[PDB]
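What follows is one structure encoded as structure tokens, with my remarks underneath.
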């Protein structure tokens, strides 16, 4: 499958793509404002994620640090990033279908649109000003708006037992972005696409 990752933000982002235990394609790249990066993701990929990292510094060897979404200090991510990170999530060719969603379960850093570039399904978007409106207790100093599980580490926010409900914090993310997961047991906003669809992830879709 092809994914085109486009940075429409006015600031540089460092895109990342991983399936948790391995990089997807190169795993990461710098995207200046307006740049597009096309990656190939193997069919059958389950649990892939794409996210943006902000305020990164990397040396010539690809080692450094980002203020949001850092994946163990590497430019080329092999593992998932440190919250807060708005997430584009996907599982491809699962019994003839692709499944995509946007999630705020690990917080929010950059607005995003995740849409197919082929026929058969709709896209999803979370482009509200979540960082600007972020509740005081969830604001991350490095930037972004953390989820409540990352901040408080309780069974209720993290849904550790598998029986949690919505919270004042999850309702904040849900009110601003109804089409993104706001907590682990949220009513699914997953979109089913034909198997082998192609996609575009756009950061800052409303410019």
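Sequence positions for chain A are given in Swiss-Prot numbering; the residues included correspond to 23-229, in order.
Per the header: X-ray crystallography, 1.6 Å.
Keep in mind that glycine also has a Cβ here, set from the backbone N, Cα and C atoms.
Listed in Swiss-Prot for this protein:
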DISULFID  31-226  disulfide bond
DISULFID  78-88  disulfide bond
DISULFID  93-99  disulfide bond
DISULFID  143-215  disulfide bond
DISULFID  148-199  disulfide bond
DISULFID  156-167  disulfide bond
DISULFID  171-180  disulfide bond
DISULFID  181-186  disulfide bond
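Features as recorded by Swiss-Prot, highlighted on the structure.
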{"residue": "31", "record": "disulfide bond", "DSSP (3 states)": "coil"}
{"residue": "93", "record": "disulfide bond", "DSSP (3 states)": "coil"}
{"residue": "99", "record": "disulfide bond", "DSSP (3 states)": "coil"}
{"residue": "143", "record": "disulfide bond", "DSSP (3 states)": "coil"}
{"residue": "148", "record": "disulfide bond", "DSSP (3 states)": "strand"}
{"residue": "181", "record": "disulfide bond", "DSSP (3 states)": "coil"}
{"residue": "186", "record": "disulfide bond", "DSSP (3 states)": "coil"}
{"residue": "199", "record": "disulfide bond", "DSSP (3 states)": "coil"}
{"residue": "215", "record": "disulfide bond", "DSSP (3 states)": "strand"}
{"residue": "226", "record": "disulfide bond", "DSSP (3 states)": "coil"}
Nonlocal neighbours by CB distance (under 8 Å) for residue 88 (disulfide bond), same chain, sequence gap 6 or more: 36, 75, 76, 77, 78, 79, 103
C-alpha spacing of residue 181 (disulfide bond) relative to residue 215 (disulfide bond), in angstrom: 28
Nearest of the disulfide-bonded residues (93, 167, 180) to residue 186 (disulfide bond), judged by Cα-Cα distance: 180
Pairwise Cα distance for residue 143 (disulfide bond)/residue 199 (disulfide bond) [Å, integer]: 19
Chain-internal residues near residue 148 (disulfide bond), provided their CB is under 8 angstroms and they sit 6+ positions away: 108, 124, 126, 130, 133, 134, 198, 199, 201, 202
Residue with minimal Cβ packing [other Cβ atoms within 10 Å] among the disulfide-bonded residues 93, 99, 143, 171: 143
Nonlocal neighbours by CB distance (under 8 Å) for residue 156 (disulfide bond), same chain, sequence gap 6 or more: 130, 166, 167, 194
Spatial separation of residue 181 (disulfide bond) from residue 99 (disulfide bond) - C-alpha basis, Å: 27
Distant-in-sequence Cβ neighbours of residue 226 (disulfide bond), under 8 Å, six or more positions away: 29, 30, 31, 32, 132, 133, 134, 149
Conformational class of residue 78 (disulfide bond) under the three-state DSSP mapping: coil
